[PDB]
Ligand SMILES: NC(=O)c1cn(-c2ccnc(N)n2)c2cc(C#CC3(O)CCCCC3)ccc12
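Next comes just one chain, in structure tokens: the form deposited without this ligand.
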């Protein structure tokens, strides 16, 4: 209620036409938040682009599809996947965007071990994106290894803005239950109003992902993991013995239950731990095509 009505809304917002008129060879390479992602070949050049396809009928909250368009229009950044154009094809929204051929951090985190130079590099890049986005009222809301993307030469970009929302003077806090269970901030699961701090919490879980290979309570059912995140002290690393004190001190500024006491992305940009961050080249060996 109502599908055709909602197609009309997106039509006014999107670029006219159908990108199949310039793209060949759609190959599905995945599926995240809200739809599937394909590679396509630009017919004129042989260049590769990505196309996020999102079926209108398959969305829990169709209105959030507009967040895609809102970020395309207002928030360009080096560590944010650039989106180029959007179209309404049948009952799907297509967003032609930058192709991150290095894939998602999740493939790295599950298959190899990251050293701290590489963990810091990823953290630095994400925090660069975040502090700019946060400075402008934007909260990503689904930070985790799947939402972090890589170029072939190891550069790091935030993707997957389907769950994002804005804050400001008039609406300083959000109330929606959005994200992926295991990465969700305790205040967000608590249904208390929240702000950009939830993104910093989710980064903490991602640091855990980076050291342990998984987020905490990953074994548990989603709802049980959420309760445990809500009700207990911050979750610990399985491999605490393996981290430098520098890292532990950093991670302790992220996984703070009191959102007011939690570090902001701007504060964190100055934390000593990031001194260890290496060039995007340091991430390169981790990728599937390079590791053996």
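Residues that one form lacks are left out of the comparison. Basically, rigid core = biggest C-alpha set you can superpose within 1.5 Å across the two forms. Positions refer to the first chain, counted from 1.
Another form exists, deposited with this ligand bound; not displayed. Remarks below refer to it.
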Proximity to this ligand in the deposited complex, single hit among 37, 265, 256, 56 (heavy atom within 4.5 Å)
37
Which listed residue (211, 81, 165, 88) meets the criterion of a heavy atom within 4.5 Å of this ligand in the deposited complex?
81
Residue stretch of 93-101, 213-221, 196-204, 117-125 approaching this ligand in the deposited complex, non-hydrogen atom distance within 4.5 Å:
93-101
Using the partner position in the deposited complex, report whether residue 50 sits within 4.5 Å of this ligand, counting heavy atoms only.
yes
Looking in the deposited complex, any heavy atom of residue 252 within 4.5 Å of this ligand?
no
Residue 183 within 4.5 Å of this ligand in the deposited complex, heavy atoms
no
I'd like to check something about residue 30: if you look in the deposited complex, is any of its heavy atoms closer than or equal to 4.5 Å to a heavy atom of this ligand?
yes
Only counting heavy atoms and a 4.5 Å limit, does any residue of 159-192 reach this ligand in the deposited complex, and if so which ones?
159, 160, 161, 162
Out of 152, 73, 175, 113, the position with Cα displaced 2 angstroms or more between this form and the one not shown on rigid-core fit is 73
On a rigid core superposition, would residue 45 pass a 2 Å threshold for CA movement between this form and the one not shown?
yes
Residue 259: Cα shift of 2 Å or greater between this form and the one not shown (core-aligned):
no
Rigid core fit then residue 235 CA moved by 2 Å or more between this form and the one not shown:
no
Shared-residue segments moving between this form and the one not shown, Cα shift 2 Å or more over 3+ consecutive positions, core-fitted:
31-34, 43-46, 71-75
